[PDB]
């Protein structure tokens, strides 16, 4: 039976569900308050066609489709956005170059253009036929045709249902109502706890440095950023911070980092946090090796033991070491690597774990487990974190981690950014290296319109300025990222409080758009790729304005755009507002006031909700935050008129002088 458990959210338990699943793995708590404020819409399957059966050891699910209907989601796909007519096996893995279901976050959640969603809460590998099955007993069974004589014969006849097979004796299913597709995604994300509310520093620039860097190499690089006037908030350390890697000791190397306490402190005194690479695979020389060994799996990954993080006995030594040796020294967060695949690196499905959890469910949830328990260490200290993880799944919306990978096709990197919005996870299209300055800049441009502005120079040793032909423009985009901080912070606040993904596909206010995305509420981003001089941009109905000049761009039409090397095509909705702080090189501290220039586009009266709090603790959970409403219009003369609501008594206020600019002359 379908229980309406929240407004627009229904739960069904089919057969006998397993005692481990995605939500339980994640320890994900629904945001009940946010959910209760959503509209109480009706059940999206109102005309039958739903079937939930257990048979022969498996759970068979069927959901009807209508002729008009398109589907989105099924996780972090890289080459496809429309999912109807697709066949997948959802399976955590490093992306393999095709959308098979093998990917870093194979979220078993899909959304329909008719305005609903469905989440299958199983930590098993799941098979999906998204409208390919043609049932003899179907109400829409097409009329058989004779291929010998009939030109209209079809090799893929009409299918009227999504079919899912779960290899278990039952499953929990969740259905999310609309009325719009984005409504279903928001409710799904709120069921997961909402997005994490990141620290402001997490939205600044991060440079990861070569594996070999010593503490002195890092200090010099920090100094070079400062000297050249490039922003930087956190530095990523790669495997050479550890005394051994692959497998790891999770202790600082004595030669390269002889005094970690002093090193972390110095960086912090200069405004610089550190984010440490780990994979979770245990060296014999790790200090907690002997203690953890019985609570590890049968199989190793690069000769490291694999902790069973479902066991307290594995968690305690592992996470105590991170806590005592790094977090308590000031380390801001982690890059949780190599928790996805490939199959020939990670443990086989044939492996055994001491808790008795199947290796399959462990593969599906390992990234969730390491995200969960690492994040808790920070939350216990009233400190936000923000980091990187190479695997996640359903249940992982609330974690402070962004997905990245070693794939590099730029176009597909943007497609994954789109799909991240359907998958309850964050994705960054990171910058590593490039064969040209052109490509470097194009990549850097799209990267600063994403969750995390980052160069990963683990092997390349690149810095933002490494391509002289484009360095002046790279600097400009790096500074823009800082200036847009209040815009991004407010978008991320919406993700946390309302489940609104900050990056998402078009049409989420009939043909597939794989190369444009909305960034926050106000910006349509249409990346250029190396070797292109122009591109088409599909604009939704309503007027849009050029992000750079404020000039009218179009309304419900296709544009041909030749932006030049120095611009990424970005368009602002009519009445859209981007609050801009100064081009600071470091995120502003909680006790700091920052001036804002409110850039207002078009002529429709605009409204923007600016989020404000200390930007670094969990004090917001106790109500120490504010939303400042900004409204902007042009008066009779065409002169800008703006207001900002009053600061709230007793709350953090980081808003300084506020000025308004009508961008559309």
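Numbering follows the first chain given and starts at 1.
Going from residue 509 to residue 510, you skip over 10 or more residues of the deposited sequence that the entry leaves unmodelled. Between 380-388 and 209-217, it is 209-217 that carries the larger average Cα temperature factor according to the deposited entry. Across the two stretches, 590-598 and 563-571, the PDB entry reports the greater mean Cα temperature factor for 590-598.
Within the listed group 338, 89, 291, 163, the record reports its top CA B-factor for 291.
Take 491, 312, 583, 185 and read off each C-alpha B-factor from the entry; 312 has the highest. Sort the modelled residues of the chain by CA B factor and residue 142 lands in the highest third. In the deposited entry, the Cα temperature factor of residue 127 sits in the bottom third of values across the chain's modelled residues. Among the modelled residues of its chain, residue 136 has a C-alpha B-factor that falls in the highest third according to the deposited record. Among all modelled residues in its chain, residue 305 ranks in the middle third by Cα B-factor. The PDB entry assigns residue 344 a C-alpha temperature factor belonging to the middle third of its chain's modelled residues.
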